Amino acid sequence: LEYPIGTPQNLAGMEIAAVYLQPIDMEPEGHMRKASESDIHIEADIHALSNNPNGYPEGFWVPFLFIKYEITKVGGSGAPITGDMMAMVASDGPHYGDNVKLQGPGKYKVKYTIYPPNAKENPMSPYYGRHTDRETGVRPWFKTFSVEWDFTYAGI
């Protein structure tokens, strides 16, 4: 099932929502930590709002982003749980996600750092372009930013 995380946030003509599901299985295998080695599938749900700066019609999935996440158990002085999401498709459409192993039931904080197509850290920079001519060009890509939420994990 789905376990939404807080309320969606917006920036730069995109809506950013966080949710987790039960761990999933994915092709290509050997990318997702196996479902049996995980507690949840964390996801970032990112869609264009109106007047999107890069030409996306409202509602379109925003592709070719790179998302790094940090999940910290509240009150914990231990190391945060970190990883990189991967772009993928599921029955509900494309999203960014990762299978994650948590640190038991309780309160967590979740931070997503969202990299644009042209960020150094985004491995997809050489594969996705942007028109820059006057007639068909669009605005520059957004700059890297982070968004945070709190959530409770009960065990699924």
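Note that residue numbering begins at 1 and tracks the sequence as displayed.
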Practice item. Between 94-102 and 119-127, name whichever shows the higher mean Cα B factor according to the PDB entry. Key: 119-127
Exercise for review: Would you determine, from the values in the PDB entry, which of 103-111 and 40-48 has the greater average C-alpha temperature factor?
Suggested key: 103-111
Review point. When the CA B-factors of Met32, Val62, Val89, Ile67 are compared as recorded in the entry, which is the largest?
Key: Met32
Exercise for review: Select lowest, middle or highest to describe the third in which the CA B-factor of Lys143 falls within its chain in this entry.
Suggested key: middle
Point to revise | Chain thirds of CA B-factor: placement of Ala79 | key: highest
